[PDB]
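Next up is one chain by itself, shown in C-alpha cells, the form deposited in one PDB entry.
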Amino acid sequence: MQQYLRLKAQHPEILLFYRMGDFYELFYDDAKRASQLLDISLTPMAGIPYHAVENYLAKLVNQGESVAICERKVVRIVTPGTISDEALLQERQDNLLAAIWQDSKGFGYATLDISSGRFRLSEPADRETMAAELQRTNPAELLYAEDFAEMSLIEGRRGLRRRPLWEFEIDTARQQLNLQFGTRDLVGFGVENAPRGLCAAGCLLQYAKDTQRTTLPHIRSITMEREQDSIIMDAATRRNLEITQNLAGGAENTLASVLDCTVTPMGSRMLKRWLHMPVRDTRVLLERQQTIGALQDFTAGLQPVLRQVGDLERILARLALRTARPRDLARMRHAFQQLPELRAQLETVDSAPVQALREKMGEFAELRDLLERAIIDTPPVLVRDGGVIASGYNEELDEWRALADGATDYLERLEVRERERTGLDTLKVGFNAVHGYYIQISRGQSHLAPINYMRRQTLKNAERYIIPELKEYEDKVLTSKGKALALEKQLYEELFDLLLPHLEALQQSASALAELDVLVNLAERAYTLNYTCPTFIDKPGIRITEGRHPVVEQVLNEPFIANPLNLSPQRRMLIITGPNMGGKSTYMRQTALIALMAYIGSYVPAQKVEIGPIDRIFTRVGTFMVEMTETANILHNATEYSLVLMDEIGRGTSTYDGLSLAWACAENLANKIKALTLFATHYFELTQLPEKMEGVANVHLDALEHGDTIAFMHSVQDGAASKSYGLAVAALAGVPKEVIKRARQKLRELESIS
C-alpha cells in the first residue's frame, strides 16, 4: 500500500480514515491526534473497527473534527457543522454551523442548523457583542476569513475552518442566497440592507452545499437577530447564571434542568434557545403568558400525546436530504396519527395563538394513510434487505412474494419427502450464499445417501448435497425474492416523491409542535412550581414579593427563604452588606433569573413581579484583574435600563485601594449610569453612601447564633449589617482561643478610627 498519501493531499486539514480490512487506519498527525481524542493505541498508525464507525465518527465530530472515509478514493466526509444522521447528534442539543468575518466597520455573523433549516444572521458592532454571540450560539464548526484580524475571539475553539476572502464576497453571496430561497430580492426576510452578515451567510451556505452535494430545500428563509430585540448578556453572565451549563462544565443544577420538562427533543432544543434569548418586546411576551395560562388545565391531556410525535424536526431534515430510513418514515407516520387527538384537545382552549398553533400543526391525513398502507408496523432499521413495504399496497409485489413463498413451501415439503423416502431422521434442507440450497444428511447417516445426491461440501459431522430438483426451486425463490426486493426499493423511493411536495407544510407542523411542547411545558412548570404571572411597567424597576431562586429552591432540600426586592428609579441601588456565604450571591442571581424568565414569557418564582424594560443583565458574581475587567465592562456599557449585579469588588487588593474602587463604582452606577444595581459589598464604610446620595439604600444579611454553630440566615432586611462573622467562623474551625482574642482586639482598633 504505497499509494495512499496521494489521497491525503486532496484535503490535508481533515483527518483521513483508511479501510484496511474490517477497520479504518490512520497515518502521521492523524494518528497522534486520533489517539489523543478517541483513546486508541499507536503502533505511526491507529485504527477503529468497522462495527462502530458511527460511534467513533461522532466523538471526533463532537470534538470539532471533520473525518474523511477512504475505501480507492474518498467516498464520505462528515463535518461537525453539517451532520444530520441521528447517530452523530446529541438528541437534546442544537448543532450549529457558523461563519464569522470582519469589515473595516464591523463583524458579520451567520448560524445554520442543518436539520431545522433555521438560518440566522447578525451584525455585531464591537467585539464584546460578538463574543456574547459565540458563547450563546456555540457552533460545532466555525468558518472564518484569513482576513480576520481579531483572532482572540475564536482562538481556542473547536471546529475552526479557515476560508479565503473571495468566499465572503457580497454580490456572489446575494445571488447564491436569492437562488436558494427562490426570491429576486431578500426583502421578505428582513436582511437586504445588512451586508456584513449577508457575506457570512454567503460563505456558510456555500460551505454547507459542498459538504452535502445535495439540495437543501428545507433551508427556505433567513432572519436577522437585532441587538435591541434582546436582553443582551455577556458570556461571563451566561456562565454565572448557569442558564444551560453549570460552571462545572455539565448540565446539572442549571436553569434548564429545572425548567425543561418538555416531552420531545425538538421542544427541548427550542426552550433552551428561548432561555438564552430573552426578547424585550412585551407583545410576544404577553402572548406567551396568556398561552401558558390557557394551557394549564390541558397539560396532563396534551403531553402523553405530544411525546408520541417525537423529533419530527430532525426526521424531516432526513426527508429533505433524501436519507430517511424506514423507521424515520414510520415515526413520521406515528406523529401524523397524534394530530387529530392534539387538534381535538386544543380546540376549546381560549387563546388566539394556541388555535394558531393548532392550524399550524396540520393534520396531513393523506400522508398518514399513505404510510399506514405503505409501511409495515415496525420496519427494519434499513431498506437494504427489504421487509419494509406493507402487504397489499402494490398488487405486483404481492404476486412476487407469493411466488417466493410458495417455492419456499415446496422446499419444506421436499425436506419431508426426502426424509420419508430415505428414512434418515437427520435429513434437512438448508440455505447458504456459498452453495445455494442443499440437502444435508449427517455424517453417521451420510453413507446411505441416495446415489442421485451430488456431493458439494463436507462438514465435520455432516455432508451436503444438491439435486436437480433442489436447484430448480433455488432459482424460483431467488428471482421472486430479487424482484420483490427491487420493487420495494423503488416503491420506497416513490414515498419520498409523495412526501417532499408537502415539505414546507411539514416543517411548519414540526415547528408548531415544537412550540406547543415548550408552551405546554412552561405552563406545567408554572402551575406545578407555584410561579405567578409577572406584569410589565413603563419606567424601569423590579418590584418582587416572596421571590426565590428557581433552581436552588428545587435542588437543595432545606426550606428556601424568600425575599422582596424594591428597585424603582427613586431607589435604584441596594448596598447589600453582611455575610455572603452564598446568601447575597443567591439573592442577586435570583433577581437576574426572575428578570430573565419574565422576558422569556414564562411565569416566575414569586408571589408578585412587576418589571420595567431591561436591555442588559450584568452579573459579576463568581484574579483581582478579571474582577476589574468584568467591572470595566459594566461601567462602559450599562444604561439606566440595565440590571447590574455586583459581588464584593475590592477583595484581592489593599483595603483602601479596594474601598476606593467600590465607592467610585457605586457612585458611578447610581449617579451617572443610573442602572438598577445590587451592589453587594463587605466594606462597612460604604453604608455611609445612602446619606451622601439620592437613590441608594442599605439592606443586609444577618446571622443568628445558637448552640455551638451559627445559622447564616438568608433574609435580606433594611439597614446596614451591624455585625461581622469571620472571627466567629474561625472559632468554630478551632483556631486557638488566644489567637481569636488578639484578633478581636485588633479588629476594634481598626474600626474605631473610621
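Position 1 is the first residue in the sequence shown; the rest follow in order. Rigid core (definition): largest C-alpha set, two forms, superposition within 1.5 Å.
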No coordinates for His706 in a third or more of the other PDB entries
yes
Find out whether the coordinates of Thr623 are absent in at least a third of the other compared PDB entries of the same protein.
yes
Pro44 preceded by how many uncoordinated deposited residues after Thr43:
10 or more
Could you bin the unmodelled part of the deposited chain lying between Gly622 and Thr623 as none, 1 to 3, 4 to 9, or 10 or more?
10 or more
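Here the subject shifts to the form deposited in another entry, a form of this protein not shown in this document.
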Looking at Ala562, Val349, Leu424, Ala512, which has a Cα shift of 2 angstroms or more between this form and the one not shown when the rigid core is held fixed?
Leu424
Verify the C-alpha shift of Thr378 between this form and the one not shown: is it 2 Å or more after superposing the core?
no
Is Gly444 one of the residues whose C-alpha moves 2 Å or more between this form and the one not shown after the core fit?
yes
Note yes or no: does the Cα of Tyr453 move by 2 Å or more between this form and the one not shown after the core is superposed?
yes
Can you tell whether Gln212 sits closer to or farther from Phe17 in that other deposited form than it does here, judged by CA atoms, where the change is 3 Å or more?
closer
So the Cα-Cα distance between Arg273 and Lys59 shifts by 3 Å or more in that other deposited form; is it shorter or longer than what we see here?
farther
